């Protein structure tokens, strides 16, 4: 076993949102075959952030998705070399977040390097005004294409003032070496910030993710 039942990770993210530069370092741990994990993140530069942490969170670990035996776990199979991923999050108000990530394994621990760029968020919008309250549970609709794994999500962020703020998210996940890709399927995910400090320079997350067969819906009917 390359991927153990209990695994830790270290993550570094360099990014900017609307021109505001920042850096974040974190450490996480979880149970890859169980689809549960946690992370503790510290802003190491550019704090306190002048925008909602919520836009950053889905950006802090695909090896930790519980998969049934009949769905190839492409991303776990990618180790020890690992994989890379590139994502686009197009928010309903024109904000855009692009992400580039590299996942590797070293000395028994995963190493994540993330580069993020957020742009065009309205200055008076919920992101810049920090008016968000956590993501609703998501369903990432997965399918193989061009020798990589593709995922689509309509993510919905809760607004402090009872509404929601949506984003159309598309990601491409690619193993460094060819390994078995799965067929189309769906991953149910729930991410929460479980703790944070007064000025939000330290936050803790918890995420649960499990793959299952689609019952047909992949777009509007999932």
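Positions refer to the first chain, counted from 1.
- Gap between residue 165 and residue 166: none; every deposited residue in this span has coordinates.
- Legend: mean Cα B-factor per stretch from the PDB entry, 190-198 versus 35-43; the higher mean is in 190-198.
- Stretches 157-165 and 179-187 differ in mean C-alpha B factor, with the higher average recorded for 157-165.
- The PDB entry assigns the greatest CA B-factor among 94, 82, 125, 118 to 125.
- Comparing C-alpha B-factors across 90, 78, 106, 138 in the deposited entry, the largest value falls on 106.
- Remark: residue 22 belongs to the middle third of its chain, ranked by C-alpha B-factor as recorded.
- Ranked within its chain, residue 148 lands in the middle third, by CA B factor from the PDB record.
- Annotation for residue 114: CA B-factor lies in the lowest third of the chain's modelled residues.
- Looking at the C-alpha B-factors along this chain, the one for residue 133 belongs to the highest third.
- When all modelled residues of the chain are sorted by CA temperature factor, residue 12 is found within the lowest third.
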